[PDB]
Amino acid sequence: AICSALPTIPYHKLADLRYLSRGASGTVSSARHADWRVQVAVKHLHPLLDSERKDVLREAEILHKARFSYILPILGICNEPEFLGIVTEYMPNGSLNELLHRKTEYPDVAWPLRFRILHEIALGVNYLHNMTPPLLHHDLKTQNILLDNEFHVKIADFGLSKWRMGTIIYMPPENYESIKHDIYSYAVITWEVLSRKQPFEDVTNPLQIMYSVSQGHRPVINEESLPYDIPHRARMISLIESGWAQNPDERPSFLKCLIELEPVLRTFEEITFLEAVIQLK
């Protein structure tokens, strides 16, 4: 019956508070804890509403309960009449979205690192699904896979997460009008990691995406999207195709997904991961 309380952080302890980004989830700022002498990230509201207050506390409780090696570590809650935010560790290398799509900043993203990121996303989500009761993330995207100083994964944005009791490109078609949601989002992420392409890039209207996916269309699998030189290409296409299956029942569990990925990750020597990171800006 061992319990841990989430610390409360007085707002005045957050020095050098500097805006990072703004989204549907909230505003993100970087700061430094005055006493802990560490860099932190604060996901705050930035006009006060008590409905938004309950949302932030809900997210903070989920993150506190869901602590694991591949989940964004929550450091405390900053709860004041003036300000409200979730204080977490600062991820110096940002998101998987930027790593994949900022091609001038990152001309090369070595295969070992790409596969390690995919393994760690699967490890993080599997942990969530294995909790009592299971936690389902329900908003996985390359924007929510944060990367620490050594490009290790930290899953963020627990705003839509649910206890099993914006963009639509990662959403399973049955969700337009389930434990099998996250695996679908994961198959799209996998495709995106291996291609460095935006899913449905040639599609201008998101209603056209939604209609196509509802009819069984998926991001294109060919020589141009997934080149023949991808290590374990056949096996990876198989995983992607089972993950984004039209029938949710036919999509694998993250356990099955990990049992498949484990022999692939063992083909890479340990030093090749370190070498991949040192190559990166």
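Take the two forms, find the largest set of C-alpha atoms that superpose within 1.5 Å, and that set is the rigid core. So that there is no doubt, residue numbering starts at 1 and follows the sequence shown.
- In terms of root mean square C-alpha deviation after superposing on the rigid core in 6 other deposited structures of this protein, the stretch standing farther out between 179 to 187 and 77 to 85 is 77 to 85.
- Rigid core superposition in 6 other deposited structures of this protein puts the Cα atoms of one stretch, out of 4 to 12 and 272 to 280, farther from the shown form on average, and that stretch is 4 to 12.
- For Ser51, the fraction of other compared entries lacking coordinates, among those that model flanking residues, reaches at least a third.
- When the other compared entries with both flanking residues are checked, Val203 is modelled in all of them, not unmodelled in a third.
- Going from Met165 to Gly166, you skip over 10 or more residues of the deposited sequence that the entry leaves unmodelled.
- In terms of unmodelled positions of the deposited sequence, the chain runs continuously from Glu82 to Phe83 in this entry.
- Here the stretch with the larger average CA B-factor, out of 184 to 192 and 86 to 94, is 86 to 94.
- Higher average CA B factor: 223 to 231, of the stretches 64 to 72 and 223 to 231.
- Looking only at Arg251, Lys256, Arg218, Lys54, the residue with the top Cα B factor in the deposited structure is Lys54.
- Ranking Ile240, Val213, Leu48, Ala41 by the C-alpha B-factor listed in the PDB entry places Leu48 at the top.
- In the PDB entry, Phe158 places in the middle third of its chain by CA B-factor.
- Among the modelled residues of the chain, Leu280 sits in the middle third by CA temperature factor in this PDB entry.
- Among all modelled residues in this chain, the alpha-carbon of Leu147 has a temperature factor (C-alpha) in the lowest third.
- In the PDB entry, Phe115 places in the lowest third of its chain by CA B-factor.
- Sorting the modelled residues of the chain by their CA temperature factor places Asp16 in the highest third.
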